[PDB]
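Just one chain follows, in the form deposited in one PDB entry, and it is written as structure tokens.
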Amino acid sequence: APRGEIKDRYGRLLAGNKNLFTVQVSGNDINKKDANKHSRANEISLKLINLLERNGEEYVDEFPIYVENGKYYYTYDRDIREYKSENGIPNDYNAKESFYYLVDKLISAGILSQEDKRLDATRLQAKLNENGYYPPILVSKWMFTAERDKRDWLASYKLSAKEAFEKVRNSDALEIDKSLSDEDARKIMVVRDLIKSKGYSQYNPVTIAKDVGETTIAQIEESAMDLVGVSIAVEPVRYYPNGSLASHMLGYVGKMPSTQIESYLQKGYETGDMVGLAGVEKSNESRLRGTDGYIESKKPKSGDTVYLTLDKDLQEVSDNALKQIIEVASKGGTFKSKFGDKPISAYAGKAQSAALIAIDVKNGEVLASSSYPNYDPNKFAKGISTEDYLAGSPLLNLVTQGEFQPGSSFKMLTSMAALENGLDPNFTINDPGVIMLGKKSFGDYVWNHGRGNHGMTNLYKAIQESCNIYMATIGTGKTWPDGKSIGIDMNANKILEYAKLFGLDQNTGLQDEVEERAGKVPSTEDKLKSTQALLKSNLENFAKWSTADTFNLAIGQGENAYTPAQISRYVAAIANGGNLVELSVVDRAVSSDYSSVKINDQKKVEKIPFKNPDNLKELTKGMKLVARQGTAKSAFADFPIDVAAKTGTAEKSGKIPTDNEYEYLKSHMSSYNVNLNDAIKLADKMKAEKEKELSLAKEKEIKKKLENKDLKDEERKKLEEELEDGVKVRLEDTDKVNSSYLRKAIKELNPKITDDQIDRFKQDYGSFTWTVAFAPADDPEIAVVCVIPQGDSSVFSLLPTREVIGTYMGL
């Protein structure tokens, strides 16, 4: 059964099947014979990897000792350190310690029962993997899969890589000159160790490089009898002609994951079958796989051809618009466009990612969806598992899976809620650009940078210029020098009410088509039962949203976190006059008899139950001013199409916490002008003083429970046994505990150092920029949403949006 092609909405191939010329090596045919006493394997291998490099070919290399800047590391080890970084836990030296504290933090948020957390692991582990989360560690031995694979892989010839690369270098299996460059020796091992691995018994010869041109085939063919047993083979592949174009939506094919083998065998696969592992390749696996065929023969039915809703052309402009901005942001200089051209202030380093989505606002069809960084699906078709090369994982679809403070783009939502509760748009404030309720300041961007104001401001100017002060005022229904009520009743609860109406609390429609981790409207009631639960246990303000909480919310910061895909529906609701639209990336399937089904044909178009839909017309007035004389004028003021926009830069106050807080403090202990030995000993002393102190307090407790005459005399025995031995309370060896005490040792031994000064080496959360638009504003077709995390300037998010709206509208 040839696998079903994926096409864009207009028939252009996005994923198909082709044949590839590929180089193969034979396990025995190369290894000659011992009678010759020629282990020629090391010669034909060294020539093959150097023949390939000289010809410029990508070659297979699963050899688990890689060179990264003069040092030798384990791949098995990297998977450990880097998997743990993407599951939020300190990457230290215990597998159990890492399993039990991750499970503890997902069970912390309604995963299951807290008592079915502490339950025999054979019953537990199986069921959490059953739930649908992968099991990367081993139940019985409590070791990382990769750890086992390392012990097994070395027991096939327990510490160090540079050592292991020495011992494996001259082990029985290989035997290299021991007079060759570890660079030449390493490249010999890529080949020999692939042969050893791909089978203790293998079907056939192993493939060492895949796609390879004429001038590299020839150099192999007309090099016969020199590289004995190096073949040019034909083998088919999945291929994605436009490479990394729309990678995240397309997905990729690969070997079934080890864990799911039983499913796939029962479902009727073989273990060497390529299967969809992400995006539309996964969700339409069954549809794309077709149905297999077999005296007599039945022909195989080929996979239905799946058409996405993407426009390859618009996808191209989107994908490049992000590659350029990210390259140009960090000391790039210029953004070359076909509308204007912006010279880019090169003060934006550390911006290493972006997300854009364009949707049809009438039927939710996704016309362009781009995430940076991205990945070539073609690399997975030939064979890999990790690209790689606060780092953003390229496999992550930031459009569907990037929960982000929505920023300025939330202001229309706050404004919608104000109008729905009686706001007169004309309501004008004499804007100071700043509000104080702590010593802490809440001010405009123009106030944090120039102590500027918006002078006299109604709702339209508030939107036009992104007035945080005006948003705070209508968000609370109160002017903030005095806290006097305005006409209207508003508060966080009403703000999150409209967050909920614009679908921010729910999945987009793409969840079953591609991987999505939708955002959740921050819960009022979770925050009350959060603190009550923490209050009950302590007895043995922070319960309601504060005025500052309400401020931060009203300006799309605080506990707000939504995906670009979610926001696009929000925006689209304004554009289409108040219909929540269910997004779709999969439009049509077409059978191998030219019969056709529309798949997104039943997508929901709910009318949002707004008090007065005509209030969305007040936002559009505000959003047009953004484009003509607002924060988007630099891009859209001289633009041939009438655009509604909202644009802004936002700052997220504070420092990104580290993997290991204890180790951070040990790093910078000289910079604190503190002796490290002094700090550690004083830290221990203070723990011990807390341990001794808690022990004497635990005695008093047990004795008071023992004086309770009416007490079951089998627990009385427990208490006596606890106390009999003498009570030695010990602090939990958490990174949080050891960090707290080393920090208090730092402040004692340096009595003038502050918390900010200790934390100064941490990375700031930094700044981000959204632009959101629909066009043409008076009869909208398309909405575009673009976020640049770690973005200094509104330009970074403005220009990709312009390119895409221009392309779509025919310019």
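Whichever C-alpha set is largest while still superposing within 1.5 Å between the two forms counts as the rigid core. Residue positions are given as counts along the sequence shown, with the first one as 1.
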Practice item. Can you count, per the entry, how many deposited residues between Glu540 and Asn541 come without coordinates? Answer none, 1 to 3, 4 to 9, or 10 or more. Key: 10 or more
Point to revise | Chain break class for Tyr389 to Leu390, judged by how many deposited residues have no coordinates | key: 10 or more
Review point. Looking at the entry, does 390-398 or 514-522 show the higher mean C-alpha B-factor?
Key: 390-398
Exercise for review: Look up the CA B-factors in the entry and say which stretch, 785-793 or 20-28, has the higher mean.
Suggested key: 20-28
**Study point:** Peak C-alpha temperature factor (PDB record), options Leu124, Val626, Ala499, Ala679
**Key:** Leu124
Check your understanding: Of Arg588, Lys698, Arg289, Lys439, which one's C-alpha B factor is largest in the deposited record?
Key -> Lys439
Revision key, fill the gap. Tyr100: CA B-factor among chain residues, third -> highest
Check your understanding: If you rank the chain by CA B-factor, which third does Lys312 end up in: lowest, middle or highest?
Key -> lowest
**Study point:** Among modelled residues of the same chain, the CA temperature factor third for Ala492
**Key:** middle
Check your understanding: Considering only modelled residues of the same chain, in which third does the CA B-factor of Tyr66 rank: lowest, middle or highest?
Key -> highest
Revision key, fill the gap. Among the modelled residues of its chain, the C-alpha B-factor of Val772 falls in the third labelled lowest
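This next part talks about the form deposited in another entry, which is not shown.
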Review point. Quick one: with the rigid core lined up, which of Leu501, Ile574, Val306, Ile137 moves its CA 2 Å or more between the shown form and the other one?
Key: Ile137
Review point. Rigid core fitted, is the C-alpha displacement of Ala185 between the shown form and the other one 2 Å or more?
Key: yes
Review point. Once you line up the core, how about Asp77: does its CA shift reach 2 Å between the shown form and the other one?
Key: yes
Review point. Can a Cα shift of no less than 2 Å be assigned to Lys336 between the shown form and the other one, given superposition on the rigid core?
Key: no
Review point. Relative to what is shown, are the Cα atoms of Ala15 and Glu58 closer or farther apart in the other entry, where the gap shifts by 3 Å or more?
Key: farther
Study note, to complete from the structure: The CA atoms of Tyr73 and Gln352 move 3 Å or more in the other entry, ending up farther
